[PDB]
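Printed here is query.cif (mmCIF, C-alpha atoms and all ligand atoms):
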```cif
data_model
#
loop_
_atom_site.group_PDB
_atom_site.id
_atom_site.type_symbol
_atom_site.label_atom_id
_atom_site.label_comp_id
_atom_site.auth_asym_id
_atom_site.auth_seq_id
_atom_site.Cartn_x
_atom_site.Cartn_y
_atom_site.Cartn_z
ATOM 1 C CA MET A 1 8.532 -10.708 -13.198
ATOM 2 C CA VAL A 2 8.895 -13.558 -10.805
ATOM 3 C CA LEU A 3 10.111 -13.686 -7.280
ATOM 4 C CA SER A 4 12.045 -16.629 -5.980
ATOM 5 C CA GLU A 5 10.755 -18.618 -3.086
ATOM 6 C CA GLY A 6 13.524 -17.203 -0.953
ATOM 7 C CA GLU A 7 12.438 -13.628 -1.775
ATOM 8 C CA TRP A 8 8.794 -14.448 -0.898
ATOM 9 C CA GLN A 9 10.016 -15.837 2.404
ATOM 10 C CA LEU A 10 11.791 -12.602 3.316
ATOM 11 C CA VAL A 11 8.629 -10.698 2.382
ATOM 12 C CA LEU A 12 6.295 -12.955 4.350
ATOM 13 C CA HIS A 13 8.562 -13.011 7.334
ATOM 14 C CA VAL A 14 8.570 -9.219 7.842
ATOM 15 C CA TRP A 15 4.841 -9.176 7.005
ATOM 16 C CA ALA A 16 4.134 -11.614 9.867
ATOM 17 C CA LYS A 17 5.592 -8.902 12.153
ATOM 18 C CA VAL A 18 3.415 -6.154 10.599
ATOM 19 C CA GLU A 19 0.381 -8.363 11.282
ATOM 20 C CA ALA A 20 1.006 -8.258 15.037
ATOM 21 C CA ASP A 21 -0.270 -4.636 14.850
ATOM 22 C CA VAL A 22 -2.104 -3.935 11.593
ATOM 23 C CA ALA A 23 -3.869 -0.793 12.728
ATOM 24 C CA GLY A 24 -0.734 0.916 14.046
ATOM 25 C CA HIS A 25 1.244 0.113 10.861
ATOM 26 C CA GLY A 26 -1.721 1.242 8.764
ATOM 27 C CA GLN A 27 -1.720 4.607 10.572
ATOM 28 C CA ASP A 28 2.055 5.093 10.312
ATOM 29 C CA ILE A 29 2.095 4.309 6.616
ATOM 30 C CA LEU A 30 -0.810 6.594 5.623
ATOM 31 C CA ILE A 31 0.534 9.432 7.724
ATOM 32 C CA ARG A 32 3.992 8.926 6.165
ATOM 33 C CA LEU A 33 2.387 9.055 2.746
ATOM 34 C CA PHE A 34 0.343 12.208 3.461
ATOM 35 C CA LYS A 35 3.243 14.062 5.016
ATOM 36 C CA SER A 36 5.572 13.155 2.211
ATOM 37 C CA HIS A 37 3.127 13.646 -0.632
ATOM 38 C CA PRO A 38 0.293 15.843 0.630
ATOM 39 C CA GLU A 39 -1.444 15.878 -2.703
ATOM 40 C CA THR A 40 -2.414 12.265 -2.068
ATOM 41 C CA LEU A 41 -4.602 13.325 0.884
ATOM 42 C CA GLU A 42 -6.895 15.055 -1.571
ATOM 43 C CA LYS A 43 -7.972 11.703 -2.912
ATOM 44 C CA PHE A 44 -9.498 10.821 0.399
ATOM 45 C CA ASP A 45 -12.687 12.801 0.414
ATOM 46 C CA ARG A 46 -13.367 11.299 3.784
ATOM 47 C CA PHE A 47 -10.668 13.191 5.558
ATOM 48 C CA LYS A 48 -9.083 15.608 3.227
ATOM 49 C CA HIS A 49 -9.579 18.261 5.891
ATOM 50 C CA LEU A 50 -7.213 16.803 8.547
ATOM 51 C CA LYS A 51 -4.545 19.458 8.831
ATOM 52 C CA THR A 52 -1.989 18.091 11.173
ATOM 53 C CA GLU A 53 -0.285 14.909 12.083
ATOM 54 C CA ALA A 54 -1.913 14.951 15.482
ATOM 55 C CA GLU A 55 -5.255 15.252 13.810
ATOM 56 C CA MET A 56 -4.370 12.279 11.578
ATOM 57 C CA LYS A 57 -3.275 10.273 14.536
ATOM 58 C CA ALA A 58 -6.565 10.808 16.126
ATOM 59 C CA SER A 59 -8.801 10.058 13.247
ATOM 60 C CA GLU A 60 -10.552 6.691 13.682
ATOM 61 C CA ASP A 61 -11.598 6.824 10.054
ATOM 62 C CA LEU A 62 -7.991 7.124 8.855
ATOM 63 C CA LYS A 63 -7.086 4.159 10.999
ATOM 64 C CA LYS A 64 -9.912 2.035 9.663
ATOM 65 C CA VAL A 65 -8.905 2.798 6.105
ATOM 66 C CA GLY A 66 -5.306 1.975 6.895
ATOM 67 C CA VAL A 67 -6.369 -1.439 8.227
ATOM 68 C CA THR A 68 -8.419 -1.998 5.039
ATOM 69 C CA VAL A 69 -5.451 -1.082 2.846
ATOM 70 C CA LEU A 70 -3.005 -3.290 4.616
ATOM 71 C CA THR A 71 -5.301 -6.225 4.995
ATOM 72 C CA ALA A 72 -5.932 -6.231 1.244
ATOM 73 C CA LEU A 73 -2.212 -5.853 0.490
ATOM 74 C CA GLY A 74 -1.314 -8.665 2.832
ATOM 75 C CA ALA A 75 -3.888 -10.959 1.098
ATOM 76 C CA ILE A 76 -2.157 -10.191 -2.173
ATOM 77 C CA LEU A 77 1.322 -10.815 -0.898
ATOM 78 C CA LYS A 78 0.320 -14.126 0.593
ATOM 79 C CA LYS A 79 -0.675 -15.337 -2.866
ATOM 80 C CA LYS A 80 3.005 -15.073 -3.864
ATOM 81 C CA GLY A 81 2.412 -13.772 -7.366
ATOM 82 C CA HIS A 82 -0.745 -15.774 -8.040
ATOM 83 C CA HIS A 83 -2.996 -12.783 -7.464
ATOM 84 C CA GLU A 84 -5.034 -12.273 -10.574
ATOM 85 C CA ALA A 85 -8.348 -12.712 -8.787
ATOM 86 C CA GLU A 86 -7.591 -10.413 -5.916
ATOM 87 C CA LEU A 87 -6.366 -7.670 -8.243
ATOM 88 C CA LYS A 88 -9.371 -7.338 -10.525
ATOM 89 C CA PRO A 89 -11.925 -5.764 -8.166
ATOM 90 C CA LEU A 90 -9.085 -3.725 -6.733
ATOM 91 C CA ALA A 91 -7.899 -2.338 -10.049
ATOM 92 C CA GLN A 92 -11.481 -1.640 -10.989
ATOM 93 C CA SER A 93 -12.350 0.552 -7.982
ATOM 94 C CA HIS A 94 -9.061 2.383 -7.900
ATOM 95 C CA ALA A 95 -9.174 3.131 -11.636
ATOM 96 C CA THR A 96 -12.886 4.014 -12.074
ATOM 97 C CA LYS A 97 -14.133 5.037 -8.642
ATOM 98 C CA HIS A 98 -11.226 6.596 -6.791
ATOM 99 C CA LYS A 99 -8.950 7.410 -9.788
ATOM 100 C CA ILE A 100 -5.597 6.666 -8.189
ATOM 101 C CA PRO A 101 -2.699 7.193 -10.623
ATOM 102 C CA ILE A 102 0.009 4.599 -10.743
ATOM 103 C CA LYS A 103 2.364 7.185 -9.365
ATOM 104 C CA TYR A 104 0.424 7.313 -6.072
ATOM 105 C CA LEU A 105 0.887 3.520 -5.722
ATOM 106 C CA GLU A 106 4.588 4.186 -6.124
ATOM 107 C CA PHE A 107 4.357 6.825 -3.263
ATOM 108 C CA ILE A 108 2.584 4.450 -0.879
ATOM 109 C CA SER A 109 5.154 1.679 -1.724
ATOM 110 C CA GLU A 110 7.865 4.087 -0.589
ATOM 111 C CA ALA A 111 5.926 4.839 2.557
ATOM 112 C CA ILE A 112 5.567 1.100 3.341
ATOM 113 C CA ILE A 113 9.274 0.566 2.896
ATOM 114 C CA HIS A 114 10.070 3.557 5.154
ATOM 115 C CA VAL A 115 7.895 2.373 7.982
ATOM 116 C CA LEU A 116 9.068 -1.275 7.813
ATOM 117 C CA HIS A 117 12.566 -0.029 7.852
ATOM 118 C CA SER A 118 11.998 2.057 10.994
ATOM 119 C CA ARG A 119 9.936 -0.443 12.899
ATOM 120 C CA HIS A 120 11.597 -3.728 11.890
ATOM 121 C CA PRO A 121 15.344 -3.087 11.264
ATOM 122 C CA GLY A 122 16.338 -6.566 12.291
ATOM 123 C CA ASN A 123 13.991 -8.208 9.826
ATOM 124 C CA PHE A 124 14.388 -5.558 7.218
ATOM 125 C CA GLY A 125 17.958 -5.579 6.104
ATOM 126 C CA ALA A 126 19.000 -4.976 2.556
ATOM 127 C CA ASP A 127 18.008 -8.291 1.030
ATOM 128 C CA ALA A 128 14.575 -8.206 2.728
ATOM 129 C CA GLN A 129 14.020 -4.637 1.531
ATOM 130 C CA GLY A 130 15.042 -5.623 -1.982
ATOM 131 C CA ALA A 131 12.611 -8.534 -1.886
ATOM 132 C CA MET A 132 9.786 -6.284 -0.591
ATOM 133 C CA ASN A 133 10.490 -3.694 -3.247
ATOM 134 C CA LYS A 134 10.349 -6.505 -5.877
ATOM 135 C CA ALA A 135 7.022 -7.734 -4.508
ATOM 136 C CA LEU A 136 5.584 -4.239 -4.600
ATOM 137 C CA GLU A 137 6.915 -3.500 -8.093
ATOM 138 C CA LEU A 138 5.267 -6.757 -9.224
ATOM 139 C CA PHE A 139 2.018 -5.636 -7.628
ATOM 140 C CA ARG A 140 2.180 -2.205 -9.370
ATOM 141 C CA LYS A 141 3.047 -3.655 -12.803
ATOM 142 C CA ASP A 142 0.097 -6.053 -12.690
ATOM 143 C CA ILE A 143 -2.278 -3.391 -11.420
ATOM 144 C CA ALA A 144 -1.041 -1.011 -14.179
ATOM 145 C CA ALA A 145 -1.722 -3.641 -16.887
ATOM 146 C CA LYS A 146 -5.207 -4.107 -15.432
ATOM 147 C CA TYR A 147 -5.820 -0.329 -15.444
ATOM 148 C CA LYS A 148 -4.999 -0.341 -19.115
ATOM 149 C CA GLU A 149 -7.552 -3.053 -19.825
ATOM 150 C CA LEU A 150 -10.147 -1.172 -17.851
ATOM 151 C CA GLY A 151 -9.561 1.999 -19.930
ATOM 152 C CA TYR A 152 -7.741 4.054 -17.308
ATOM 153 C CA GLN A 153 -4.050 3.469 -17.354
ATOM 154 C CA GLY A 154 -3.078 6.298 -15.071
HETATM 155 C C1 LIG B 1 -1.027 -0.820 -1.294
HETATM 156 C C2 LIG B 1 -1.984 -0.163 -2.145
HETATM 157 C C3 LIG B 1 -3.391 -0.087 -1.953
HETATM 158 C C4 LIG B 1 -4.249 -1.054 -1.633
HETATM 159 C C5 LIG B 1 -4.003 -2.555 -1.549
HETATM 160 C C6 LIG B 1 -5.506 -0.365 -1.483
HETATM 161 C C7 LIG B 1 -6.746 -1.017 -1.201
HETATM 162 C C8 LIG B 1 -7.926 -0.432 -0.933
HETATM 163 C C9 LIG B 1 -9.076 -1.152 -0.466
HETATM 164 C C10 LIG B 1 -9.240 -2.660 -0.276
HETATM 165 C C11 LIG B 1 -10.052 -0.275 -0.287
HETATM 166 C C12 LIG B 1 -11.566 -0.593 0.026
HETATM 167 C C13 LIG B 1 -12.452 -1.096 -1.096
HETATM 168 C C14 LIG B 1 -12.283 -0.315 -2.384
HETATM 169 O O1 LIG B 1 -12.655 0.858 -2.428
HETATM 170 O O2 LIG B 1 -11.630 -0.833 -3.301
HETATM 171 C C15 LIG B 1 -9.486 1.011 -0.653
HETATM 172 C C16 LIG B 1 -10.280 2.185 -0.691
HETATM 173 C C17 LIG B 1 -9.702 3.343 -0.949
HETATM 174 N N1 LIG B 1 -8.416 3.513 -1.386
HETATM 175 FE FE1 LIG B 1 -7.022 2.222 -1.847
HETATM 176 N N2 LIG B 1 -5.421 0.921 -1.749
HETATM 177 C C18 LIG B 1 -4.163 1.110 -2.083
HETATM 178 C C19 LIG B 1 -3.667 2.339 -2.456
HETATM 179 C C20 LIG B 1 -4.448 3.531 -2.397
HETATM 180 C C21 LIG B 1 -3.871 4.844 -2.562
HETATM 181 C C22 LIG B 1 -2.375 5.044 -2.810
HETATM 182 C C23 LIG B 1 -4.858 5.791 -2.517
HETATM 183 C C24 LIG B 1 -4.774 7.327 -2.644
HETATM 184 C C25 LIG B 1 -3.585 8.111 -2.885
HETATM 185 C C26 LIG B 1 -6.000 5.032 -2.289
HETATM 186 C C27 LIG B 1 -7.206 5.594 -2.224
HETATM 187 C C28 LIG B 1 -8.293 4.923 -1.685
HETATM 188 C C29 LIG B 1 -9.497 5.573 -1.385
HETATM 189 C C30 LIG B 1 -9.807 7.016 -1.656
HETATM 190 C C31 LIG B 1 -10.354 4.661 -0.915
HETATM 191 C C32 LIG B 1 -11.638 5.003 -0.167
HETATM 192 C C33 LIG B 1 -11.434 4.929 1.350
HETATM 193 C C34 LIG B 1 -12.727 5.163 2.129
HETATM 194 O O3 LIG B 1 -13.134 6.305 2.151
HETATM 195 O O4 LIG B 1 -13.545 4.255 2.216
HETATM 196 N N3 LIG B 1 -5.719 3.659 -2.177
HETATM 197 N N4 LIG B 1 -8.172 0.898 -1.057
#
```
Structure rendered as structure tokens:
Amino acid sequence: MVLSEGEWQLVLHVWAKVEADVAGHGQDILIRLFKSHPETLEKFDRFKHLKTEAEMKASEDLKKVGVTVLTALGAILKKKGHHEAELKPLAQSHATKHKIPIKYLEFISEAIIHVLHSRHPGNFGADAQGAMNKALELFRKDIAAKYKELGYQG
């Protein structure tokens, strides 16, 4: 697929607001994912044991990981579709080391869109959400094709 420049703009405009607080957004998103789809917490051997949301809010590890997840996503979105080189190492460790099915990437995409919608309603109207969804679908489709080359497709 291919986003228009206008769609990239809407995506990079709401992302410039996320970047004013990357650790807080990272926490919100991962907690939104784990509440919604608790099976995904099992993949994180680091803090599979956190039982409640208050425990999650207080885990410094969970917050570091969130910052690492968002910072890498943001670097991919800034490429505007030209992301081949940033995807490779990423598709390799998620497919061979962590074994993250494509479906979990769909779950975290839904968590990102939920948080942006709550935190940034003025910059995240319908067109901006549609553009973000497009940018994340593009990201999943390219990562899925890379999984397949790497022998995982999952
Ligand atoms: C927006 C999508 C995602 C991005 C850009 C992302 C990126 C990253 C990055 C950059 C790291 C650190 C280096 C590496 O291990 O590759 C990481 C580690 C990790 N990611 Fe992903 N990730 C994404 C989705 C997920 C999801 C959905 C899961 C699980 C349901 C997941 C599971 C993990 C795990 C288990 C680690 C290890 C964390 C730690 O213990 O160090 N990731 N991810």
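In terms of minimum interatomic distance to residue 103 in chain A, A:137 ranks closest within A:21, A:58, A:137, A:66, counting all atoms listed in the file.
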Review point. By how many Å are atom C9 of ligand LIG 1 (chain B) and CA of residue 69 in chain A apart?
Key: 4.9 Å
**Study point:** For range 10-20 of chain A: contacts at 7 Å, only C-alpha atoms, fewer than 3 positions along chain excluded, given as a list in words
**Key:** residues 6, 7, 25, 123, 124, 128, 131 and 132 of chain A
Write the residues you've just listed into a file as an mmCIF file, in the frame of the given file, and include C-alpha atoms for each of them.
```
data_model
loop_
_atom_site.group_PDB
_atom_site.id
_atom_site.type_symbol
_atom_site.label_atom_id
_atom_site.label_comp_id
_atom_site.auth_asym_id
_atom_site.auth_seq_id
_atom_site.Cartn_x
_atom_site.Cartn_y
_atom_site.Cartn_z
ATOM 1 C CA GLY A 6 13.524 -17.203 -0.953
ATOM 2 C CA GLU A 7 12.438 -13.628 -1.775
ATOM 3 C CA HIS A 25 1.244 0.113 10.861
ATOM 4 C CA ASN A 123 13.991 -8.208 9.826
ATOM 5 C CA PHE A 124 14.388 -5.558 7.218
ATOM 6 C CA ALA A 128 14.575 -8.206 2.728
ATOM 7 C CA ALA A 131 12.611 -8.534 -1.886
ATOM 8 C CA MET A 132 9.786 -6.284 -0.591
#
```
**Study point:** Site check for ligand LIG 1 (chain B): residues at most 6 Å away, only C-alpha atoms and all ligand atoms, as JSON, numbers by chain
**Key:** {"A": [40, 43, 44, 46, 65, 68, 69, 72, 73, 90, 93, 98, 100, 104, 105, 108]}
Point to revise | Ground truth for the PyMOL selection byres (((chain A and resi 76) around 12) and not hetatm), written as a ChimeraX atom specification | key: /A:8,11-12,15,69-75,77-88,90,135-136,138-140,142-143
Point to revise | Selection result for the PyMOL selection byres (((chain A and resi 61) around 12) and not hetatm) on this file, as an NGL selection string | key: :A and (23 or 26-27 or 30 or 44-48 or 50 or 55-60 or 62-68)
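Pairwise distance (CA of residue 5 in chain A, CA of residue 110 in chain A) equals 23.0 Å.
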